[PDB]
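Here the protein sequences come in this chain order: A, B, C, D and E.
Here the first sequence is numbered in the authors' numbering, starting from 1042 and rising by one per residue.
Here the second sequence is numbered in the authors' numbering, starting from 794 and rising by one per residue.
Read in order, the letters of the third sequence are residues 943 to 1172, 1179 to 1222 in the authors' numbering.
Read in order, the letters of the fourth sequence are residues 51 to 90, 107 to 137, 141 to 149 in the authors' numbering.
Read in order, the letters of the fifth sequence are residues 348 to 698, 708 to 747, 750 to 793 in the authors' numbering.
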Amino acid sequence: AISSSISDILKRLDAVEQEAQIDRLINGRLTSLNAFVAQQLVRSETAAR
Amino acid sequence: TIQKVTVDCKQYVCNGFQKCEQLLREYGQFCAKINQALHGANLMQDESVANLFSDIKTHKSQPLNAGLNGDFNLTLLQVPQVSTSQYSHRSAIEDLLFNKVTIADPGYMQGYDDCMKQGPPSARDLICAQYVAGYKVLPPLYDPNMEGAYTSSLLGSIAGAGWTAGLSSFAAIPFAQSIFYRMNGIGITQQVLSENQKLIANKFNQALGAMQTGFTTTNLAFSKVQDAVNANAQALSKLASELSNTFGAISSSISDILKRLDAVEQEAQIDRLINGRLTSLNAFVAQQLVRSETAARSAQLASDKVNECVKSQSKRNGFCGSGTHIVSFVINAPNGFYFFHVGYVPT
Amino acid sequence: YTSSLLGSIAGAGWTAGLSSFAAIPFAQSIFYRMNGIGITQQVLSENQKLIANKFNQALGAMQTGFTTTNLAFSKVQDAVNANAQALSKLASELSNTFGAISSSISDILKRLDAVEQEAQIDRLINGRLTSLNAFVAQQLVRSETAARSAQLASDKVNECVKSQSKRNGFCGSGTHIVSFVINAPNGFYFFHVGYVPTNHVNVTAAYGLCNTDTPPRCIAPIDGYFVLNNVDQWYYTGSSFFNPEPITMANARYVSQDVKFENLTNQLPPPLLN
Amino acid sequence: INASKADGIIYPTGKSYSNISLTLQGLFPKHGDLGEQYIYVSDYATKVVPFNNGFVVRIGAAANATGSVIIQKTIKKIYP
Amino acid sequence: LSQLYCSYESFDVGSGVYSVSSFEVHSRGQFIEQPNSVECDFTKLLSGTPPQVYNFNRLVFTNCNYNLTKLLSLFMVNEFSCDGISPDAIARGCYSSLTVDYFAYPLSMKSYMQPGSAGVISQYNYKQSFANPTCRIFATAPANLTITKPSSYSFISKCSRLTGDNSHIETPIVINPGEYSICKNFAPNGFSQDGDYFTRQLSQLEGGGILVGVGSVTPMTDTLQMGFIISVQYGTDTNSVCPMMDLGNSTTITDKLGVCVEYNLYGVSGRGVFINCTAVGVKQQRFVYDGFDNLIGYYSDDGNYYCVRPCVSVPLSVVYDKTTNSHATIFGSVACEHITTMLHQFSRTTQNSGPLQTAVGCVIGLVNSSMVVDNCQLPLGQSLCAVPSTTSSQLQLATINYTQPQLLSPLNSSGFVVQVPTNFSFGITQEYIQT
Ligand SMILES: *[C@@H]1O[C@H](CO)[C@@H](O[C@@H]2O[C@H](CO)[C@@H](O)[C@H](O)[C@H]2NC(C)=O)[C@H](O)[C@H]1NC(C)=O
Ligand SMILES: *[C@@H]1O[C@H](CO)[C@@H](O[C@@H]2O[C@H](CO)[C@@H](O)[C@H](O)[C@H]2NC(C)=O)[C@H](O)[C@H]1NC(C)=O
Ligand SMILES: *[C@@H]1O[C@H](CO)[C@@H](O)[C@H](O)[C@H]1NC(C)=O
Ligand SMILES: *[C@@H]1O[C@H](CO)[C@@H](O)[C@H](O)[C@H]1NC(C)=O
Ligand SMILES: *[C@@H]1O[C@H](CO)[C@@H](O)[C@H](O)[C@H]1NC(C)=O
Ligand SMILES: *[C@@H]1O[C@H](CO)[C@@H](O)[C@H](O)[C@H]1NC(C)=O
Ligand SMILES: *[C@@H]1O[C@H](CO)[C@@H](O)[C@H](O)[C@H]1NC(C)=O
Ligand SMILES: *[C@@H]1O[C@H](CO)[C@@H](O)[C@H](O)[C@H]1NC(C)=O
Ligand SMILES: *[C@@H]1O[C@H](CO)[C@@H](O)[C@H](O)[C@H]1NC(C)=O
């Protein structure tokens, strides 16, 4: 996206372009959160053993 | 074990539509790789199960009475009489354990027809959803009868006397005498055993009579059984629910995209769904591999536990329960083994 | 490192193990490991050459297990294939277009203009970073698993190769005698030698024997059974091989009175005479 | 307003659901809101209220009861 | 076997039991229920003088059919810009509602009504909303029609509130997308002169409202030009706005229960299986959805409620034996009757190794022999296996056998009986541990 700040995207763009650029950040953050959860689960199983 | 699941990758990603299918090929041998990884995981699971049941196999046994051996009541640990709740090899306590756990029936024989005939019942069913989404639950290597036979042959194992090696001879020593020897070796003299024979047997029967009461989520092990069941269900839920993620497209339905848009816009919107579904399938495969590795290591641990606590008496503390170990029993549980460690608890 | 283990010297049997170093030859160590599983010295002396021949017969056929029909060899090849699979997944992912016109940055710079070029290169960049993250995560998991397995391999060397194991199933099936470890691709390969009995015989055994005296003295067998044979004479046999021998204090220990013990008045064994 | 009774909820248009729960956004009243009460009189036509998102009316809560006008009988609903 | 060589993609595949990709599903069925809908009313648009841009006329169409081609061929399109839909999909689709904003607009200004524009049209006259699938059209009306021309083109150039004690503070008032300007009431039918700074600027109840009408007497072109803002909605109603069509007779579902059929029921389009069930949900709403907005029910005109099961694919597996080049097919969790009726299977299954019912589902290519095995290499689940035939290369359906343990009888005498070995051998267990 043009930036990683939603405030900048809301500054510089219009409705459709804003929506696409916010969707980029949304999807990226969801994928990274999924990765974080998976690695936490692995680490916690290891720590229990 | 874990539930064995395979995915029809092409049907899962493209849901039948042809434009998606031709667009799917710009990503390498993705569906083939998904299929091969799942196949390898299931193959390793089957080999693990075969090795486990070959390791816990008994080669010599002795007859046991039906209700009382000496003064010990082993009714709950034995396959019942003509009652025979459609397994004929599952014991009474195993029946109770399997009746206290809620498991969705996968319908390994006619589940497709059941899912088409039923209709309404079990809204958001995961077993029925496997035919819409395009994943398949595979049946276990052995049916419950043969696993029940394996774990029921263990109650009458012989293994040789307690003061000897343990896999060279076979001493046909009755159950009561074996228990009394196991108590003699923890520091209880023969005079005490002779004096307190019936008291000891009554306390043992008191202990066995109350192991039904531990089939609650307040108990740790039963809650772990249900946790494993829930993890099995959770994998299928996360697989089936990801098909409604739009990944930033107008819809998550390829029919709607083909309905509302033109060629280039259609192609871009379909690429969105394709990429998202491939990433989610890769994640599913990775977690299934991790879970299967863990389950194989835990199967090795279960074999070790059988050989140390069930077939023999343990001198380690805390390995076969809390206290001074006497004798352990193992039954079949959903996705693994369930143990009953009998220990000497002084007061 | 692994070849130095064959001639390794530790404390003798019947001792602690890491305090002293006993220069006991290999054959004597084998016969002690056999004596401690329930085979008396008389049987070992009689069956010396037979035992050596059977050991040389078992040790001469371990090469025939180097096939994928064998579990352990198949697991070696599985580890090799996993190593190759990581590299193949890493290298094949560079042809993923990730929804761009091509997988080649040269083609994208060839066919498009500035903004479209930047969008397509962004596609390729994002895809490659996600795949690299996945590769790193799976390498971390595999390496942690391999470190735990290396700890297990060290445990197995210490229990099965440098010593005889009394646990059942830790060093293979049967009664453990001796184990050897060699190097394998990405790990260790063990050869566990176990005692596998055949042709058992039914005999009548006694829990113990007792004389008829003021408070009676009673005996129980040591690592064996009090067996009859094949006004009745009792003999001692090892638990791992049938050979009736006279009952002495070398194979009997004094125990307390029991009601399932035999009551002997004739041909009393030497431990039960006053 | 009691959300546990689904007080003043506008049903989804063009579709229906059976035997399931789900979250859903839209225009709803606030739980525990008391609102303004009007009795059918005086002074109502002089007061101008903003409409911002609309409003929901509860009609005939006191019907089949005993009461009287505020400016003795059985109460009835009077359709604002 | 080709589905295997192509689902794992090589000539050389080892022995095993593999899942493979199924075959396509047929869409031949059509269950269509359409009301006898009235025609949509394109008469206020097709007659009279179109308004200006700030006084646009809004048309909402529901529960009717449109002859769009008859309307498309009247006008002369110059520019369109669609977002979330296309004109062809608009011309071929069914919707809950159709919303039209139409007005008179000059072609020279069609960039001032573009997303992100900075002029006075998006500030004070008309801002397009993008909450729904929408599309812009600029078109020219031919003179011979019933549509007449305004005196000129006009717009709002300044809408502002003067606040403060001396009214010395000038603050603009701007419109939200899809709404009208407060300054519309100064000159509803258009400004009469360029620069019509109104003389009194009606004093409102929170300050003084100011309008300027530099929206000129901008000369009317030789041909009238108009702007159209189209928007469509899905799933918001029980009825639909559908194109004029003649679809023959497919109105019955009485004797097509259980087959995968396509459907067009009051606009909603899809495919699935219809099964007569007990009426749930609200009959007035005519559709029952799930939490993900998927149709799983339908109240028919005949009076019956049908569950809408998506038509599914039968799972299929291939047992492969590489040494003897023999193979068999498992239809997992499917009874052989449903297989004998159904299709969506490959060419060689136009078809004594026929449909055999197992505990894992119907199989083709296995001969039932009631044999047993102990170690087998092609397990099928539920203690079933597939054994390569040594002689007929057909795979056989065997079972894994549980060998019983030998019993040693305890004695009735004083002691006990023990089995002591008389020979022995030296076994060797091999173990690999990765480090
Ligand atoms: C809001 O509605 C709920 C449901 O009618 C009320 O809760 C019930 O109250 C009755 C009487 O006290 C109980 O018998 C029920 O068991 C309650 N149901 C539940 C599920 O809580 C609640 O009283 C109302 N709340 C207010 C603030 O009046
Ligand atoms: C939709 O509109 C078109 C155009 O008005 C109609 O097409 C006409 O159909 C009649 C049938 O009697 C022909 O005689 C005309 O020549 C056609 N005109 C053109 C330009 O093709 C069509 O009939 C309308 N459809 C409906 C059912 O309303
Ligand atoms: C043995 O236990 C069962 C239930 O576990 C009981 O029904 C039976 O009466 C018991 N037997 C005796 C002899 O008490
Ligand atoms: C046991 O019996 C056999 C067979 O007669 C005999 O050869 C052997 O000497 C006996 N064992 C003794 C006497 O210890
Ligand atoms: C041995 O003698 C005692 C009596 O002192 C008796 O209790 C016991 O049963 C006898 N044992 C056997 C097995 O003969
Ligand atoms: C409604 O759903 C519940 C589970 O949430 C289920 O137990 C119940 O049987 C369902 N009722 C009907 C009529 O299907
Ligand atoms: C009605 O609206 C017009 C403009 O649309 C406005 O000029 C007029 O003042 C309004 N009516 C009254 C009574 O104010
Ligand atoms: C296979 O053949 C045996 C022969 O008696 C028959 O009993 C059985 O029903 C057949 N089918 C299966 C699935 O075993
Ligand atoms: C030795 O063992 C073999 C088989 O392992 C058997 O055939 C033979 O009879 C045994 N010899 C004796 C003396 O028992």
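Backbone N, C-alpha and C define an ideal beta-carbon position, used for all residues, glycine too.
Fill in: Status (buried if at least 16 other CB within 10 Å, exposed otherwise) for C/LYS1098
Reading the third sequence from its first residue, position 156 is the one you call residue 1098 of chain C. That one is buried.
Item to complete: May I ask which residues mark the beginning and end of the alpha helix (DSSP H) holding A/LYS1052?
Response: Taking the first residue of the first sequence as position 1, residue 1052 of chain A is located at position 11. 1047-1053 is the extent of the alpha helix (DSSP H) around A/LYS1052.
Practice prompt. Output the boundary residues of the alpha helix (DSSP H) element that contains C/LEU1071.
Written response: On the third sequence, position 129 is the one that residue 1071 of chain C refers to. Where C/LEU1071 is concerned, the enclosing alpha helix (DSSP H) stretches over 1056-1098.
Practice prompt. Compare the beta carbon distance of B/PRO933 and E/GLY717 with 9 Å and say whether it is the shorter of the two.
Written response: By one-based count along the second sequence, residue 933 of chain B stands at place 140. By one-based count along the fifth sequence, residue 717 of chain E stands at place 361. For B/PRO933 and E/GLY717, no; Cβs fall outside 9 Å.
Discussion item. Taking the straight line between their C-alpha atoms, what separation do you get for B/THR982 and B/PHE997?
Written reply: As a working mapping, residue 982 of chain B is identified with position 189 in the second sequence. As a working mapping, residue 997 of chain B is identified with position 204 in the second sequence. The straight-line gap from Cα to Cα measures roughly 18 Å.
Discussion item. Along the chain, where does the beta strand (DSSP E) containing C/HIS1134 start, and where does it finish?
Written reply: What you label residue 1134 of chain C is simply residue 192 of the third sequence in a count that begins at 1. From DSSP, the beta strand (DSSP E) with C/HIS1134 extends over 1129-1148.
Worksheet item: Exposed or buried, what is E/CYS530 when buried is set at 16 or more other beta-carbons lying within 10 Å of its beta-carbon?
Response: Locating residue 530 of chain E in the fifth sequence gives position 183, where the first residue counts as 1. With 16 or more other Cβ atoms within 10 Å, it is buried.
Worksheet item: In chain order, what are the residues with a CB under 5 Å from some non-hydrogen atom of ligand 3?
Response: B/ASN866, B/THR868, B/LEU869
Worksheet item: Taking the alpha-carbon positions, what's the C/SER950 to C/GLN984 distance?
Response: Within the third sequence, the letter at position 8 stands for residue 950 of chain C. Within the third sequence, the letter at position 42 stands for residue 984 of chain C. Distance between the alpha carbons of C/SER950 and C/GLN984: 28 Å.
Worksheet entry | Straight-line Cα distance separating B/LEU1029 from E/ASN623 | On the fifth sequence, residue 623 of chain E is found 276 positions in, with the first residue counted as 1. On the second sequence, residue 1029 of chain B is found 236 positions in, with the first residue counted as 1. Each residue's Cα considered, the two are about 28 Å apart.
Discussion item. At the 9 Å Cβ level, is C/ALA1079 part of the contact set with chain A, yes or no?
Written reply: By one-based count along the third sequence, residue 1079 of chain C stands at place 137. Chain A contact via Cβ: present.
Practice prompt. Starting from E/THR787, follow its DSSP beta bridges and name the residues at the other end.
Written response: Locating residue 787 of chain E in the fifth sequence gives position 429, where the first residue counts as 1. The partner list for E/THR787 (beta bridge, DSSP) reads C/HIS1134.
Worksheet item: Are the stretch 629-639 of chain E and the stretch 659-673 of chain E touching, with three or more C-beta to C-beta distances below 8 Å?
Response: no
Worksheet item: At what residue ranges does the stretch 415-463 of chain E contain a whole run of the beta strand (DSSP E), taking only runs of 3 or more?
Response: 423-430, 444-451
Worksheet entry | Inter-stretch contact (C-beta, 8 Å, three-pair minimum) for the stretch 919-930 of chain B and the stretch 730-746 of chain E | no
Worksheet entry | E/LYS531 beta carbon near ligand 7 (any heavy atom closer than 8 Å) | The residue labelled residue 531 of chain E in the question sits at position 184 within the fifth sequence. Correct: E/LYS531 has its Cβ closer than 8 Å to ligand 7.
Fill in: Where B/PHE973 meets chain E, residues with beta-carbon distance less than 8 Å
Within the second sequence, residue 973 of chain B is the residue found at index 180, counting from 1. By Cβ distance, chain E contributes nothing, its closest Cβ being about 13 Å from B/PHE973, past 8 Å.
Worksheet item: Do you know how far the Cα of B/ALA825 is from the Cα of E/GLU356?
Response: By 1-based counting over the fifth sequence, the position of residue 356 of chain E is 9. By 1-based counting over the second sequence, the position of residue 825 of chain B is 32. Distance between the alpha carbons of E/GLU356 and B/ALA825 is about 7 Å.
Worksheet entry | Cβ-heavy atom distance, C/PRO1218 to ligand 4, below 8 Å | The count along the third sequence starts at 1 and reaches residue 1218 of chain C at position 270. No, the beta carbon of C/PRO1218 sits no closer than 8 Å to any heavy atom of ligand 4.
Worksheet item: Looking at chain B, which residues of the stretch 982-1011 of chain C have a Cβ within less than 9 Å of any of its Cβ atoms?
Response: none
Discussion item. When you measure from the CB of C/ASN1211 to every non-hydrogen atom of ligand 5, does any distance come out below 8 Å?
Written reply: Here residue 1211 of chain C is taken as the residue at index 263 of the third sequence, counted from 1. It does: the Cβ of C/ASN1211 is within 8 Å (strictly closer) of some heavy atom of ligand 5.
Practice prompt. Specify the secondary structure class of C/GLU1193 as computed by DSSP and reduced to three states.
Written response: Stepping through the third sequence from its first residue, residue 1193 of chain C is reached at position 245. Of the three classes helix, strand and coil, the one that applies to C/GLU1193 here is strand, per DSSP.
Worksheet item: So which residues of chain B does C/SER1037 contact, with C-beta pairs closer than 7 Å?
Response: Working through the third sequence from its first residue, we reach residue 1037 of chain C at position 95. Neighbours of C/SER1037 on chain B, chain order: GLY821.
Worksheet entry | C/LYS1031 at chain E interface by Cβ criterion, 9 Å | The residue given as residue 1031 of chain C occupies position 89 in the third sequence. No - not a single Cβ of chain E is within 9 Å of the one on C/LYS1031.
Discussion item. So if I threshold CB-CB distances at 7 Å, which residues from the stretch 881-907 of chain B count as touching chain E?
Written reply: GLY900, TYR901, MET902, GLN903, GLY904, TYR905, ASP906
Fill in: Straight-line gap, B/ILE993 to B/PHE865 (C-alpha atoms, nearest Å)
Within the second sequence, the letter at position 200 stands for residue 993 of chain B. Within the second sequence, the letter at position 72 stands for residue 865 of chain B. The straight-line gap from Cα to Cα measures roughly 9 Å.
Discussion item. Pairs of beta-carbons, one from the stretch 376-388 of chain E and one from the stretch 588-598 of chain E, closer than 8 Å: are there three or more?
Written reply: yes
Discussion item. Is E/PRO398 close to ligand 7? I mean its beta-carbon at under 8 Å from any heavy atom of the ligand.
Written reply: Position 51 of the fifth sequence holds residue 398 of chain E. Every heavy atom of ligand 7 is 8 Å or more from the Cβ of E/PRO398, so no.
Worksheet item: When the Cα of C/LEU1074 is compared with those of C/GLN1106, C/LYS1031, C/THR1213, which residue comes out closest?
Response: Residue mapping note: residue 1074 of chain C aligns to position 132 of the third sequence, counting from 1. Checked all of C/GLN1106, C/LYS1031, C/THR1213; the closest Cα to C/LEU1074 is C/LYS1031.
Worksheet item: chain B beta carbons: is any one of them nearer than 9 Å to that of C/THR1072?
Response: Here residue 1072 of chain C refers to the residue found at position 130 of the third sequence. At least one chain B Cβ lies under 9 Å of C/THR1072.
Item to complete: Taking only heavy atoms of ligand 9 into account, decide whether any of them is closer than 8 Å to the Cβ of C/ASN1172.
Response: As a working note, residue 1172 of chain C is residue 230 in the third sequence. No, since every heavy atom of ligand 9 falls outside the 8 Å radius drawn around the Cβ of C/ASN1172.
Worksheet entry | Within-9 Å CB hit, C/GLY978 to chain E | Here residue 978 of chain C corresponds to residue number 36 of the third sequence, with the count starting at 1. With 9 Å as the cut-off, C/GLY978 does not count as an interface residue toward chain E.
Worksheet item: Helix, strand or coil: which one does DSSP assign to D/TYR67?
Response: Position 17 of the fourth sequence holds residue 67 of chain D. In the structure shown, D/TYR67 sits in coil (DSSP, three-state: anything other than H, G, I, E or B).
Worksheet item: Is B/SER961 near ligand 9, judged by its Cβ being under 8 Å from some heavy atom?
Response: Within the second sequence, residue 961 of chain B is the residue found at index 168, counting from 1. Judged by the Cβ position, B/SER961 fails to qualify as a neighbour of ligand 9 at the 8 Å threshold, every heavy atom of the ligand being at least this far.
Worksheet entry | Within 9 Å, strictly: CB atoms of B/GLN1005 and B/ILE920 | Here the question's residue 1005 of chain B lines up with position 212 in the second sequence. Here the question's residue 920 of chain B lines up with position 127 in the second sequence. Their beta carbons are not under 9 Å apart, which means B/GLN1005 does not touch B/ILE920 by this criterion.
Worksheet item: Any heavy atom of ligand 5 closer than 8 Å to the Cβ of C/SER1204?
Response: The residue labelled residue 1204 of chain C in the question sits at position 256 within the third sequence. Result no, Cβ not under 8 Å from ligand 5.
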